[PDB]
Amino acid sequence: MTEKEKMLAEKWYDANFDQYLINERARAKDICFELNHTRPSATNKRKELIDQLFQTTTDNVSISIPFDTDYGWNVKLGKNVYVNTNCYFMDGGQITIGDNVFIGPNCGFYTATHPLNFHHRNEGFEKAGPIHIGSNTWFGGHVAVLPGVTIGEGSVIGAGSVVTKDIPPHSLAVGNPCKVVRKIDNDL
């Protein structure tokens, strides 16, 4: 397998020294830079950049600057997704975001693990753990979501949370580590 295929199959891959992945990260980063230096009221320019970054035709995806991602094409987005300032979608592992998602400022969605053993880590290896973000969710600011985590549909993550484990749907969860506090009444 290529190191890309490895990455996408949840296997250890050489994130650092693989030329194809290096170049793909460089593509995303230069688009992020342009976007981060595009005036917020330049609506069409920003939409075009966002669509180029994510390699998709977004439907009411609003990204406040600055924004960062590793690949861009490995973030799959629903409609009506509001991302406030200073978020980072580190998407070596796929980041799936549903519809009607409110993301607070300074949130990081982190799919990259490195080996704990420094000898393996220094050789460039990573393993990507996909993140799935349910539809109809809200994240407060300053949240980190760690590799492999799924947040169920209808759930609310409190500001400052570090989400180390999956959160069931219809749940209010807060803290470091993030723990479910109570169920949310999502009735019509």
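One-based numbering along the sequence shown.
Averaged over their C-alpha atoms, the temperature factors of 175 to 183 and 12 to 20 are higher for 12 to 20. Looking at mean Cα B-factors across 102 to 110 and 73 to 81, the upper value is held by 73 to 81. Across the options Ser155, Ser161, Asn36, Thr56, the residue with the most elevated CA B-factor in the record is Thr56.
When the modelled residues of the chain are ordered by C-alpha B-factor, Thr137 sits in the lowest third.
Per-chain ranking of the deposited C-alpha B factor places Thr96 in the middle third. Annotation for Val61: C-alpha temperature factor in the middle third relative to the rest of the modelled chain, per the entry. When the modelled residues of the chain are ordered by their C-alpha B factor, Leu49 lands in the middle third. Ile31: CA B factor in the middle third of modelled residues in this chain (values from the PDB entry).
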